[PDB]
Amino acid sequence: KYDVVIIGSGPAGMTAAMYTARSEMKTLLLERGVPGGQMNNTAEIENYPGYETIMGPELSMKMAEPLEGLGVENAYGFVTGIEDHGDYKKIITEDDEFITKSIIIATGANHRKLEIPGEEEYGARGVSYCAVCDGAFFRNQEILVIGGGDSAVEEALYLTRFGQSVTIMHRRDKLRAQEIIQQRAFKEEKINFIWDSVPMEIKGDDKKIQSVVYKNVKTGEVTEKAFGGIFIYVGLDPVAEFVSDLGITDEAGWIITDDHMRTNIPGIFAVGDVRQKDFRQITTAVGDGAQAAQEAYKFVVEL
């Protein structure tokens, strides 16, 4: 009944949906939230070719704009499972079932947790995984940012708009982030570093965070320092629970595809951040999405 159902309306899904709709495939695009995916949790995007710098939620709106005029059917849905019935597939959401000849899984990735004490307790109250969401709550605070990748370092630079200082705590002595971003952080006067360190405990009063205990990974030295907020950027986990049974995931839970976005299962493709891969960017999301869309067209044509 659908030719293709795309699950997730971040940039990979949105590109896939634009491409399938342009091939006049009967196209359903399911999204649990706001179109844009991670781009809506991104302050400034500088490396999407075509735009010099653009705010994440604006790029999200621009990518979403044409979809309805192309005849993509946009619908709310949280997908909880997928069943392979051979020559069609069923997709289960909270309240619905959808039958389709093909599926493109574009559900992305989620913030990895520290799994330390205080992290859950202070969730609403000092602990954050999203600087554009929460930064303004931390005006004039000493902010801590955990991680040494692109997100940690970019989000620390963004947060300097609000905080008195932002400290980046990284578990080695060399950042993973792109050098251009490293350099901007090195030069920014409101950015401090705690190198070779990991957080051990987030502590507070029963209302909000007050301090963090951490440890040096070369010496075991333990320090406790006051902070008013902590933003955590220690990597990603896959958003793929709805296929855990199906035999298309690696040991960490990422969806395995070949180079044409194909899983094990004929007619189920996966694109973007949810796939097993190293390089997670909007460029490769868009690329993957277009490729899967063309593979779904051919699969459905042949069916």
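Numbers for residues come from their place in the sequence shown, where the first is 1. So that the term is clear: the rigid core is the largest set of C-alpha atoms that superpose within 1.5 Å between two forms.
Between 220-228 and 98-106, which one shows the bigger average Cα displacement from this form in 6 other deposited structures of this protein once the rigid core is aligned? Between 220-228 and 98-106, greater C-alpha deviation in 6 other deposited structures of this protein belongs to 220-228.
Between 233-241 and 65-73, report the one with more C-alpha displacement in 6 other deposited structures of this protein relative to this form after a rigid core superposition. The more displaced stretch in 6 other deposited structures of this protein turns out to be 233-241.
Pick between 154-162 and 133-141: the one whose mean CA B-factor in the entry is higher. Averaging CA B-factors over each stretch, the winner is 133-141.
Per the entry, higher mean C-alpha B factor between 145-153 and 111-119: The recorded data point to 111-119.
According to the Cα B-factor stored in this entry, which of the following is highest: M261, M63, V239, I265? So the option with the highest C-alpha B-factor is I265.
Between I105, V217, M200, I91, which one tops the list for Cα B-factor in this entry? Going by the entry's C-alpha B-factors, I91 comes out highest.
Of the three thirds of its chain by CA temperature factor, lowest, middle or highest, which one includes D273? For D273, the deposited C-alpha B-factor lands in the lowest third.
When the deposited Cα B-factors of this chain's modelled residues are ordered and cut into thirds, is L175 in the lowest, the middle or the highest one? It falls in the bottom third of the chain.
Could you look up the Cα B-factor of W254 in the entry and say which third of the chain it sits in: lowest, middle or highest? Tercile = middle for this residue's CA B-factor.
Grab the CA temperature factor for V72 from the record and place it in the lowest, middle or highest third of its chain. Its C-alpha B-factor belongs to the middle third of this chain's values.
Chain-wide C-alpha B factor ranking for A296, given as lowest, middle or highest third: According to the entry, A296 has a C-alpha B-factor in the chain's middle third.
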